[PDB]
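Working notes, beginning with the structure itself.
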Amino acid sequence: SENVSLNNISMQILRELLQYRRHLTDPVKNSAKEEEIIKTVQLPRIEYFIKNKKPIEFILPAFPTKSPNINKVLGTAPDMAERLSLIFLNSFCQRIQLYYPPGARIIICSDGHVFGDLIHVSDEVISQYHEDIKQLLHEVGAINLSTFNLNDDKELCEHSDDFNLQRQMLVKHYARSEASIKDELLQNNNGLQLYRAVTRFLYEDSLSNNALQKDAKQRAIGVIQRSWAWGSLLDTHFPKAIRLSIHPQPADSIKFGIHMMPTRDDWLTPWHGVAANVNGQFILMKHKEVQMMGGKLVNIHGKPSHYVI
Ligand SMILES: N[C@@H](Cc1ccc(O)cc1)C(=O)O
């Protein structure tokens, strides 16, 4: 039949995707069966666009702000690493054109203002990081990529520059109770490793250790609650869209975790890391770990984009 043509296009996309899967890396897992599970998960969602002959669309919540711990990151400004990440994502969507001419698009949805209170990063700073990452797209000429923001939603606070209200509304209409968040996370090793990892980044950013520890553990459920709010917001705004995630996801999840640079850390993101030229291949590493490597910093446009080794 003709499903043979359609099934062949959808699989090539899924296979390209899988090459950049972000996952909890654990050898006891039969990777083969994980993928066989994901085939069933995403192939139908992909074939939706193909049957319609519509360009395939992805949503990805990412790039909310640069981590304020200069132990991890070079600067508040977006660094080369997102540049390299942004440039990767856009070319991913051009490749698909080589099979499937409508192509693909990715709506990067910024989550910077949603949890901005709990990160101790100014709403002023956040807004500039956003404006800059829009800036990068045009410098990059990354057409297949566009941006989605809290301000865009009609249902969100009218106009802008009342984030505290915007956050309240978002929590009201789309969030869940931190009590229900803590309960849901415990069930899985999946949910457990989110909790732990979210807290480790919150603690690492904030440098009384027992105080700061219980503190990061509470902010974690907070930040996670805000993120799933933004998640249900997009979950309704772009329902049939394929759902990319910046975090490792289970093979059963609707969300498909994805990487954008080489790194041995599953959870590192461009905002938490600097870019390193090591063996003539860029890698996402932490600013501290790379200085102990005797890396030399290189500056472009009067700002420090990356280190070299
Ligand atoms: N979303 C980040 C958490 C984070 C985001 C922005 C920050 O400035 C700091 C922490 C993560 O993957 O862990």
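The way I read the labels, and the way they are meant: chains A, B, ... in the order of the structure tokens, residue 1 as the first residue of every chain, and ligand 1 as the first ligand shown, with later ones counted on from there.
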Output the neighbourhood of ligand 1 as an mmCIF file with C-alpha atoms, in the first residue's frame, that is, all protein and nucleic acid residues with some atom at most 10 Å from the ligand, counting only C-alpha atoms and all ligand atoms.
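Output saved as result.cif:
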```cif
data_model
loop_
_atom_site.group_PDB
_atom_site.id
_atom_site.type_symbol
_atom_site.label_atom_id
_atom_site.label_comp_id
_atom_site.auth_asym_id
_atom_site.auth_seq_id
_atom_site.Cartn_x
_atom_site.Cartn_y
_atom_site.Cartn_z
ATOM 1 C CA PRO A 61 11.061 24.428 26.751
ATOM 2 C CA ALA A 62 14.674 25.690 27.047
ATOM 3 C CA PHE A 63 17.249 28.544 27.566
ATOM 4 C CA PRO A 64 15.285 30.380 30.511
ATOM 5 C CA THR A 65 18.544 32.286 31.988
ATOM 6 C CA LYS A 66 22.319 31.802 32.495
ATOM 7 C CA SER A 67 23.136 30.178 35.909
ATOM 8 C CA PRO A 68 24.425 32.972 38.234
ATOM 9 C CA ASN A 69 27.231 30.763 39.698
ATOM 10 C CA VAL A 73 29.248 29.703 33.637
ATOM 11 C CA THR A 76 25.146 36.351 32.213
ATOM 12 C CA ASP A 111 10.819 29.247 30.758
ATOM 13 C CA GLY A 112 13.070 32.007 32.149
ATOM 14 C CA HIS A 113 10.364 34.195 33.708
ATOM 15 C CA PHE A 115 10.667 30.380 37.927
ATOM 16 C CA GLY A 116 12.729 33.589 37.889
ATOM 17 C CA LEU A 118 13.112 30.930 42.741
ATOM 18 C CA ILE A 119 16.409 31.202 40.843
ATOM 19 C CA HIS A 120 17.488 34.508 42.326
ATOM 20 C CA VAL A 121 17.954 35.879 38.826
ATOM 21 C CA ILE A 126 16.008 37.188 32.330
ATOM 22 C CA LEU A 194 14.645 14.545 38.563
ATOM 23 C CA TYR A 195 14.222 15.673 42.176
ATOM 24 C CA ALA A 197 19.260 16.562 39.921
ATOM 25 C CA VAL A 198 17.055 19.674 40.216
ATOM 26 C CA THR A 199 18.269 20.142 43.781
ATOM 27 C CA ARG A 200 21.946 19.604 42.908
ATOM 28 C CA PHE A 201 21.798 22.421 40.338
ATOM 29 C CA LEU A 202 19.924 24.670 42.805
ATOM 30 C CA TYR A 203 22.520 23.993 45.486
ATOM 31 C CA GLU A 204 25.451 24.411 43.082
ATOM 32 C CA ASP A 205 24.011 27.735 41.984
ATOM 33 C CA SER A 206 23.655 29.099 45.521
ATOM 34 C CA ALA A 220 13.300 22.081 43.695
ATOM 35 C CA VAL A 223 10.906 25.019 40.312
ATOM 36 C CA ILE A 224 9.478 21.672 39.200
ATOM 37 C CA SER A 227 7.895 23.998 34.973
ATOM 38 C CA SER A 245 12.642 18.047 26.442
ATOM 39 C CA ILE A 246 15.934 19.291 27.806
ATOM 40 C CA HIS A 247 15.924 16.551 30.509
ATOM 41 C CA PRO A 248 16.374 12.778 30.286
ATOM 42 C CA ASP A 266 23.170 13.894 30.943
ATOM 43 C CA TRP A 267 21.730 17.012 32.661
ATOM 44 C CA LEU A 268 24.194 19.722 31.570
ATOM 45 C CA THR A 269 22.631 22.530 29.551
ATOM 46 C CA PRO A 270 24.238 25.469 27.687
ATOM 47 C CA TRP A 271 23.028 27.933 30.349
ATOM 48 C CA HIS A 272 24.780 25.899 33.136
#
```
Exercise for the section: Assign secondary structure with DSSP using the backbone only, and return the residues of stretch 5-206 of chain A in alpha helix (DSSP H) as a ChimeraX atom specification. Expected result: /A:5-18,31-52,80-99,116-119,123-140,163-174,178-187,189-205
Exercise for the section: Write out as a list in words all residues of stretch 75-268 of chain A that backbone DSSP assigns to strand (DSSP E). Expected result: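 Everything in stretch 75-268 of chain A that counts as strand (DSSP E) is residues 104, 105, 106, 107, 108, 109, 145, 146, 147, 148, 242, 243, 244, 245, 256 and 257 of chain A.
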Handout entry: Å distance separating atom CA of residue A:184 from atom CA of residue A:214, one decimal place
Key =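 A separation of 19.4 Å between them.
Using only C-alpha atoms, the contacts of residue A:96 at a cut-off of 12 Å, with sequence neighbours closer than 4 positions omitted, comprise residues 9, 10, 11, 12, 13, 14, 15, 16, 17, 50, 55, 56, 57, 89, 90, 91, 92, 100, 101, 102, 103, 104, 105 and 144 of chain A.
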Handout entry: Shell of 6 Å around stretch 77-86 of chain A, only C-alpha atoms, local chain residues under 6 positions omitted, as a PyMOL selection string
Key = chain A and resi 260+270+275+305
For those residues, write N, CA and C atoms to a file as a PDB file, in the first residue's frame.
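Result file selection06.pdb:
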```pdb
ATOM      1  N   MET A 260      22.138  18.688  22.648  1.00  0.00           N
ATOM      2  CA  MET A 260      22.463  19.689  21.631  1.00  0.00           C
ATOM      3  C   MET A 260      23.944  19.959  21.460  1.00  0.00           C
ATOM      4  N   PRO A 270      23.349  24.396  28.080  1.00  0.00           N
ATOM      5  CA  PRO A 270      24.238  25.469  27.687  1.00  0.00           C
ATOM      6  C   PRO A 270      24.248  26.546  28.772  1.00  0.00           C
ATOM      7  N   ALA A 275      31.588  26.512  26.638  1.00  0.00           N
ATOM      8  CA  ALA A 275      31.995  25.718  25.479  1.00  0.00           C
ATOM      9  C   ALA A 275      33.510  25.508  25.437  1.00  0.00           C
ATOM     10  N   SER A 305      33.216  34.110  24.675  1.00  0.00           N
ATOM     11  CA  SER A 305      32.416  32.982  24.132  1.00  0.00           C
ATOM     12  C   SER A 305      32.859  31.579  24.565  1.00  0.00           C
TER      13      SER A 305
END
```
